[PDB]
Amino acid sequence: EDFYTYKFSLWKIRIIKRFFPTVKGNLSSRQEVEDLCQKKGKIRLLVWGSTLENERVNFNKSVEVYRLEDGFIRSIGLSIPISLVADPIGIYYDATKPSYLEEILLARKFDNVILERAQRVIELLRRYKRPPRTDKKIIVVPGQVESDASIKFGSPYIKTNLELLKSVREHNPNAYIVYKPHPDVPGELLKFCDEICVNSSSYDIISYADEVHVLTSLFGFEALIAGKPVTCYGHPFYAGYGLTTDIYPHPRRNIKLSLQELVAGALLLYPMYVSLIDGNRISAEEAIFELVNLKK
């Protein structure tokens, strides 16, 4: 009777059980959470993303809430998740409230050994992964799905791709702006971007770019690993740490971090990793090795 899930689908419950083998039951309403809590003194609730904030539901302090989300490595370039994020304080894309990732990076107790792995992971990612000929600075803007939670709780001002593309052009009047729209979703876009790169190879649009300008896209964290300068127009999890030139300052972040500190925190300590083959907990490096040995 260790963990409970909040409004998870059956398929999602089985996936979560890989990371939490002690999942016991699925609570389907706030009343069921309150009834079970005073029945057992305290409960551990598994919630997905900003589900509680979207419902404006708050529980007493005896309901320990874990906010779940997909990992970072399963997504950045290289279906059944190999990585899972379990945040007991908040969630990484919510810049309005503290997150456990933010507390890790602030405490920044990173010994010499974990900095080595972070440098190995950076080198590993860069290796496991059209362009206009002009004199202008090449700027790339990855579009997002506007209904995403990272824009709602992670962008303090800009909320649309059009406002992003607008704001990008206002700050860069002469640069060559190419808009890469999000796959999962035109005439007014071209009034601020030069061309619209509708396909060819995401991560291999980064290498042709001089700078990457994003709102809250995880795409910008991949650009940091690739070493390309990135400007943030919102407040993603990698913003505020001086690695990115932030348009709007983060109201709660003062620390200047290195790329290894960011990687060691965001990729190595923050998310969980479970092997796809045997189901055991593995390191972020073994997770990359498994995904790398999966494609060939």
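Per-structure values
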quantity: Selection status of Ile138, β-branched (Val, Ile, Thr), more than 23 Å from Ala266 (Cβ to Cβ) and either in contact with a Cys (Cβ under 8 Å, 6 or more places away or on another chain) or buried (at least 16 other Cβ atoms within 10 Å of the Cβ) (or both); calculated: yes
quantity: Scan of the range 186-222 for residues that are in a loop (DSSP other than H, G, I, E, B) and within 19 Å of the chain's Cα centre (by Cα), ordered by number; calculated: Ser202, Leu215, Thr216, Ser217, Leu218
quantity: Failed criterion for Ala264 (all others in (1) under 16 Å from the mean Cα position of the chain (by Cα); (2) assigned by TED's automatic domain parsing to the domain that holds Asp210 hold); calculated: (2)
quantity: Cross-chain or 6+ apart pairs with Cβ under 8 Å, the range 143-158 first and within 10 Å of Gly234 (Cα to Cα), then surrounded by fewer than 22 Cβ atoms within 10 Å (Cβ to Cβ) and of a type in the set (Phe, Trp, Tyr); calculated: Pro156/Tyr248; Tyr157/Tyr248
quantity: Filter result (surrounded by 17 or more Cβ atoms within 10 Å (Cβ to Cβ), among the polar types (S, T, N, Q) and not in a helix (DSSP H, G or I)) within the range 141-180; calculated: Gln144, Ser155
quantity: Lone qualifier among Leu36, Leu46, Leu52 - being outside any helix (DSSP H, G or I), among the hydrophobic types (A, V, I, L, M, F, W, C) and either in the same structural domain as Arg281 (by TED's automatic domain parsing) or more than 21 Å from the chain's Cα centre (by Cα) (or both); calculated: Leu46
quantity: Qualifying residue in the range 39-47 (condition: farther than 29 Å from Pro251 by Cα, surrounded by fewer than 16 Cβ atoms within 10 Å (Cβ to Cβ) and of a type in the set (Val, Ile, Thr)); calculated: no
quantity: Meets criteria (touching a helix residue (DSSP H, G or I) at 6+ places or on another chain (Cβ under 9 Å), of a type in the set (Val, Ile, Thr) and either in the same structural domain as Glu222 (by TED's automatic domain parsing) or outside any strand (DSSP E or B) (or both)) for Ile73; calculated: yes
quantity: Total residues in the range 32-79, condition β-branched (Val, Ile, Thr) and under 30 Å from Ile205 (Cβ atoms); calculated: 2
quantity: The range 256-291, residues that are among the β-branched types (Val, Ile, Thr) and within 21 Å of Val85 (Cβ to Cβ); calculated: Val263, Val274, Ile282, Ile288
quantity: The range 87-131 - residue that is hydroxyl-bearing (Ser, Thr, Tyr) and outside any helix (DSSP H, G or I) and, of those, surrounded by the most Cβ atoms within 10 Å (Cβ to Cβ); calculated: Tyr93
quantity: Residues (of a type in the set (S, T, N, Q) and more than 24 Å from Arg30 (Cβ to Cβ)) located in the range 62-115; calculated: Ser75, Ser79, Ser83, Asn112
quantity: Identity of the residue in the range 55-70, acidic (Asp, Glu) and in a strand (DSSP E or B), that ends up nearest to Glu34 (Cα to Cα); calculated: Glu64
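Reconstructed Cβ throughout: ideal geometry from the backbone, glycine too, with neighbour counts over all protein chains shown. All of this is worked out from the model, or read from it or from the source named; these are not laboratory values.
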